[PDB]
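Q: Quick one: the structure is below, questions incoming.
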Ligand SMILES: NC(=O)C1=CN([C@@H]2O[C@H](COP(=O)(O)OP(=O)(O)OC[C@H]3O[C@@H](n4cnc5c(N)ncnc54)[C@H](OP(=O)(O)O)[C@@H]3O)[C@@H](O)[C@H]2O)C=CC1
Ligand SMILES: [Zn+2]
């Protein structure tokens, strides 16, 4: 476009891809692999941090000497988030938590803060506003963690239309909150989870495509396992609040029309294949349903 | 449908390309007078095959080897293409 | 004359006459013994007669050269037998040195000398690592200097300086992974080779 | 004592400031742009001309073993003056 | 001293018209989609290409071969060359048949009203080279020139 | 003992060089030009075999210049053209030769600058 | 052309010397993956191995083949033992770097790569 | 507007008046997103249903061996003949050479320095013009 956004350069790790981006919540599980698939291919990924500088060291690498910068902010401050994205071809919103605090609730975090990032992004001449709500989240779900999130899916479009939205199904990866939960201690609860990179690649793949300019995606993956068959399979392999445990038994869907992965540039990896590496920290084939 | 081209590959001096050189001095002008707006073209490398390409409408082409072919047969070889 | 590293003419003849002593005694597989102005000896031979000259030089009174120092491999990628492989020895008894060099293609293996000089246990092996020049009868050939998954033979003049891989840590797999080579500064090949031969009577006519 | 872009960023000796539409300014966020205010082109015109005698002279940078190899100049130009590429001094002939 | 021109007012990206009507910046796959789709519409002889200037003979053949499969052969160039007889034919009408080295091996020239000095200045050096060293005499037609 | 064979003498498996820098890599064999600034000509007499060039992008942080192909700065000095092709074919690379450009032996007679008849009568001595 | 032979004669004697090596690598996928943990189960490890021997089938020279056995034995001698690590054995796969488009049309949307 | 490269930035093959076809070995890669000219037309084909049988640079050269095989012989001249055929072919033509002074477009030094899309676009040339018109 201008002169130096250009993706002239092969491969990665000293290249360029014009994917100058601002991933917010990339300090825990999900965004670190996002920055990995960005920072490897050559992409000046900003990372706004509001936590310890030591809790972000593992982000210093997977970043090739300038493509990874850092800066301070706080979600309860107008115009700092604006300052963070004055220079942003792209924006990504991974923010979220599985529990309310004295300061922040499910309500404040998934909805009110993306609302300002949404307005903040449009006040600059941005292009893309990749957001991450979660699947199983129309409204009136049995918990509260999800019924708030869908409002953000309503309240973004009234701020920044034509915004990618990924509502994926459950995620598994090393250092997760999902498999490790089960590991460290039931029919009518069935769930097709999704490997992390298979989510991360699409997002990285979604920030360059000509399509995906408002289309709501949902990354699900194969092998719709049954819980009781799966939870014992973990036990077969290895050898807490309301709105989270309430979120466990809610998990039930079927895909109506939604795009998914293979119409984005991804080959989804099943669970059983890359499942040992995460459960290897607890050491000494499950049944599927289509419905 | 139509031919819309003729072209000529030869060697400037060799036994193999002989007859083409005879073909030119002996008939070339009259064919170009019979076929004025027909885009002919004629070229003479050193050690090439004496070949003859000719297009059609959908960029389709054929080849006719004419190694050691005398003038009379080259002309029939040309008119069978202008058949 | 002050600044010319005085020649010391005498030992040229010692190493020249002794240079003849090894030729006529061993005319097989021996071509052009020579000597540089630097009074240091060089003996070019054929690969099929490697050991019997070494063992003359490890085991003979007038050539006690029972101590090996190097075994390199010099590239000349313009001839047939590009790899000049070089030996160089020493007398503790006679107080002098020698050089006994040979040749090979990228595949014309050379029988080893470890029965003669076990000093060459690893000097031989780096050449296998660094040039891909196999040796017969060498115990436990294997890599020395390169990674345990490094293809190639880098001291070859065909292998670029910065090679064909660079490593790093891709956190998604928790490993030190490799992907292709992607610099930031591009080593800048200079044309520091001026005209003006600088060394006449020492040169190549067409 | 430098000149500044309308976006508000500092210009170097050279006109070097990034345009508005440039993601490069990120690196200055919560930092600042290092710059030397001592433009040589401003300092050097703030130096008087040494109006010497004979048309040809030697120059030095304040110490013969300590800068500006001994180049000479032909100071025949009464219109302009003569410079030395090392320094930025200027000279006249006095006549 | 033309290389300075190679970094001055130079194109970078595949641009295309705007719904407003002016030009903008897009991708290759954004643009060529607009082209081959149009190519499939107009075919046969409503189609032509103008080479000229500074072009390969690799693109010319492919560019030819492209319009060769749309029944359109109107491939033209900027400056004219005659065609009323054997124009493109007979490669002795658009060449230096004479070896430019052979210009030394020549006692006479008729320059027709063009400037070697300004069109290919270095056909003029082999003239002036063969004007001084070996004898030579030239006669020119039209446009008195220095 | 010995064995007979007449084959192309491939080596391309013994180097790594996985797939890209084998096939899609032209090679230029030539006698380098005389750097016309200098009248010196020792850079000739040789058969340097440098390879084609590819992307040299600009490192967006420093302004540095960077690359992907390590196989770009790859000079190789040979002594005869007949040996060069044998070396590059031995690794399967699509050589592209340029021949020598010998300069002619020219007659340059000092006195002919000072002719009565002729047209080479120089000025300024 | 009356060359010196090494370790074998015309190819079809060197082709069993090959199989002595596949006779080891085929039985040393399961020993590695367990002793030093990995992700591959056993099979795609064996697919990769044969995918390397079905790269060098184009060879036609005994001397070359008698050489390529050796470098396989080294990596085997490095693999049979623990001298490697989980990063060296799992290095062949090219797991991470995206395979470029083998076609033409996608090959130049990025890269001046003929 | 499909940005193509320039002679410094492609492996092309131009030719001179003599017919001594020659080559442009590449030095730089073009800026931004621009690509090579022929490299496009292969795509403009394949995006449609059309498809040329090319996947490299050499195929394109092998095409030239089929069209007019002078464009591969580097530094050599396709030594030509057969002009009299044109003259016979052309003597039958008959036209009018009107009574004007034939003049070229290049007439002095100031109309030299600016031509054909490159020299136009540089200051270093117009400095000559800016100097020569004074
Ligand atoms: N991981 C999972 O199991 C799944 C997650 N998701 C969604 O994916 C996204 C990623 O969450 P994940 O990364 O997995 O879990 P994390 O625990 O890594 O939380 C993600 C980030 O949100 C940041 N954050 C939370 N609240 C605030 C706040 N008030 N102000 C600023 N930053 C804040 C956290 O900062 P800190 O680093 O200080 O915690 C953290 O870095 C969320 O939207 C989540 O709902 C969807 C499906 C499955
Ligand atoms: Zn000075």
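Q: Would you call residue D:61 more than 14 Å from chain A (Cβ to nearest Cβ), within 12 Å of ligand 2 (Cβ to nearest atom), loosely packed, with under 11 Cβ neighbours inside 10 Å and more than 30 Å from residue A:5 (Cα to Cα)?
A: No; evaluated as a whole, the condition is false for this residue.
Q: From the list A:55, A:64, A:74, which residue is away from ligand 2 (no atom under 16 Å from the Cβ) and either more than 16 Å from residue A:95 (Cβ to Cβ) or within 8 Å of another protein chain (Cβ to nearest Cβ) (or both)?
A: A:64
Q: Okay, moving on. Please enumerate the residues belonging to the stretch A:172-192 that are under 15 Å from residue A:276 (Cα atoms) and in contact with a strand residue (DSSP E or B) (Cβ under 9 Å, 6 or more places away or on another chain).
A: A:172, A:173, A:178, A:179, listed by residue number.
Q: Give the residues of the stretch A:105-138 that are buried (at least 17 other Cβ atoms within 10 Å of the Cβ) and near ligand 1 (Cβ under 8 Å from one of its atoms), sorted by residue number.
A: If the condition is that a residue be buried (at least 17 other Cβ atoms within 10 Å of the Cβ) and near ligand 1 (Cβ under 8 Å from one of its atoms), then A:109, A:110, A:113, A:132, A:133, A:134, A:135 are the ones that fit.
Q: While we're on this one: Can you tell which of C:163, C:132, C:149 is surrounded by fewer than 17 Cβ atoms within 10 Å (Cβ to Cβ) and within 11 Å of chain F (Cβ to nearest Cβ)?
A: Answer to the check: C:163.
Q: Oh, and also: Which of the residues that make up the stretch B:13-30 are within 18 Å of residue B:72 (Cα to Cα) and surrounded by fewer than 18 Cβ atoms within 10 Å (Cβ to Cβ)?
A: Taking the stretch B:13-30 first, the residues within 18 Å of residue B:72 (Cα to Cα) are B:15-30.
Within the stretch B:13-30, B:15, B:16, B:22, B:25, B:26, B:27, B:30 qualify.
Q: I've got another one for you. What number of residues in the stretch A:67-81 are more than 11 Å from residue A:48 (Cβ to Cβ) and surrounded by fewer than 17 Cβ atoms within 10 Å (Cβ to Cβ)?
A: From the stretch A:67-81, those more than 11 Å from residue A:48 (Cβ to Cβ) are A:67-68, A:76-79; that's our starting set.
Of the ones still in play, those that are also surrounded by fewer than 17 Cβ atoms within 10 Å (Cβ to Cβ) are A:76-79.
Residues that pass the stated criteria total 4.
Q: In addition: Residue C:70 fails exactly one of the following numbered conditions: (1) closer than 30 Å to residue G:1 by Cβ; (2) touching a helix residue (DSSP H, G or I) at 6+ places or on another chain (Cβ under 8 Å). What is the number of that condition?
A: Unmet condition: (1).
Q: Given the conditions (1) under 30 Å from residue B:38 (Cα atoms); (2) touching a helix residue (DSSP H, G or I) at 6+ places or on another chain (Cβ under 9 Å), report the number of the one that residue E:78 does not fulfil.
A: Among (1) under 30 Å from residue B:38 (Cα atoms); (2) touching a helix residue (DSSP H, G or I) at 6+ places or on another chain (Cβ under 9 Å), the lone unmet condition for residue E:78 is (2).
Q: Residues to consider are A:202, A:260; find the one that is surrounded by 14 or more Cβ atoms within 10 Å (Cβ to Cβ) and outside any helix (DSSP H, G or I).
A: A:260
Q: Is it the case that the stretch F:23-30 has a residue that's within 12 Å of chain C (Cβ to nearest Cβ), surrounded by fewer than 16 Cβ atoms within 10 Å (Cβ to Cβ) and closer than 30 Å to residue C:130 by Cα?
A: no
Q: Does residue D:12 satisfy the criteria of being more than 14 Å from chain A (Cβ to nearest Cβ), surrounded by 12 or more Cβ atoms within 10 Å (Cβ to Cβ), away from ligand 1 (no atom under 16 Å from the Cβ) and part of a loop (DSSP other than H, G, I, E, B)? Quick ask: steps written out before the conclusion?
A: Working: more than 14 Å from chain A (Cβ to nearest Cβ): yes; surrounded by 12 or more Cβ atoms within 10 Å (Cβ to Cβ): yes; away from ligand 1 (no atom under 16 Å from the Cβ): yes; part of a loop (DSSP other than H, G, I, E, B): yes.
Answer is yes for this residue.
Q: Please tell me if residue A:88 is over 18 Å from the mean Cα position of the chain (by Cα), more than 16 Å from ligand 2 (Cβ to nearest atom), over 21 Å from residue A:253 (Cβ atoms) and within 14 Å of chain D (Cβ to nearest Cβ). Step through it out loud before you land on a result.
A: Values: over 18 Å from the mean Cα position of the chain (by Cα): yes; more than 16 Å from ligand 2 (Cβ to nearest atom): yes; over 21 Å from residue A:253 (Cβ atoms): yes; within 14 Å of chain D (Cβ to nearest Cβ): yes.
Against the criterion (over 18 Å from the mean Cα position of the chain (by Cα), more than 16 Å from ligand 2 (Cβ to nearest atom), over 21 Å from residue A:253 (Cβ atoms) and within 14 Å of chain D (Cβ to nearest Cβ)), residue A:88 qualifies.
Q: Give the residues of the stretch D:77-93 that are near ligand 2 (Cβ under 9 Å from one of its atoms) and either part of a strand (DSSP E or B) or within 11 Å of residue D:55 (Cβ to Cβ) (or both), sorted by residue number.
A: Hit for the stretch D:77-93 is D:83, nothing else.
Q: Turning to a different aspect of this structure: Looking at A:126, A:156, can you tell me which residue is closer than 23 Å to residue A:215 by Cβ and either within 16 Å of ligand 2 (Cβ to nearest atom) or in a helix (DSSP H, G or I) (or both)?
A: A:156
Q: If you check C:197, C:172, C:182, which single one turns out to be within 11 Å of chain F (Cβ to nearest Cβ), under 19 Å from residue A:39 (Cβ atoms) and not in a strand (DSSP E or B)?
A: Just one listed residue meets the conditions, C:182.
Q: With the condition kept exactly as written, say whether any residue in the stretch E:8-28 is within 24 Å of the chain's Cα centre (by Cα), surrounded by 11 or more Cβ atoms within 10 Å (Cβ to Cβ) and under 27 Å from residue E:73 (Cα atoms).
A: Yes, that holds for at least one residue.
Matching residues to (1) within 14 Å of chain C (Cβ to nearest Cβ); (2) more than 30 Å from residue A:14 (Cβ to Cβ); (3) over 29 Å from the mean Cα position of the chain (by Cα):
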position	(1), (2), (3)
F:45	yes, yes, no
F:53	yes, no, no
F:65	yes, no, no
F:73	yes, no, no
F:83	yes, yes, no
F:89	yes, yes, no
F:102	yes, yes, no
F:116	no, yes, yes
F:121	no, yes, yes
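Q: Among the residues of the stretch D:15-23, are any touching a helix residue (DSSP H, G or I) at 6+ places or on another chain (Cβ under 9 Å), part of a loop (DSSP other than H, G, I, E, B) and within 16 Å of ligand 2 (Cβ to nearest atom)?
A: So far as the stretch D:15-23 goes, no, none of its residues is touching a helix residue (DSSP H, G or I) at 6+ places or on another chain (Cβ under 9 Å), part of a loop (DSSP other than H, G, I, E, B) and within 16 Å of ligand 2 (Cβ to nearest atom).
Q: May I ask you to list the residues in the stretch A:13-44 that are at positive phi and either surrounded by 23 or more Cβ atoms within 10 Å (Cβ to Cβ) or within 16 Å of ligand 1 (Cβ to nearest atom) (or both)?
A: A:13, A:42, listed by residue number.
Q: Please state which one of G:89, G:59, G:18, G:82 is at negative phi and in a helix (DSSP H, G or I). Steps first, answer last, please.
A: Numbers: G:89 fails: in a helix (DSSP H, G or I); G:59 fails: in a helix (DSSP H, G or I); G:82 fails: in a helix (DSSP H, G or I).
After applying the criteria, what remains is G:18.
No lab work stands behind these numbers, since they all come straight from the coordinates. No Cβ is skipped: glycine too gets one built from the backbone with ideal geometry, and neighbour counts run over all protein chains shown.
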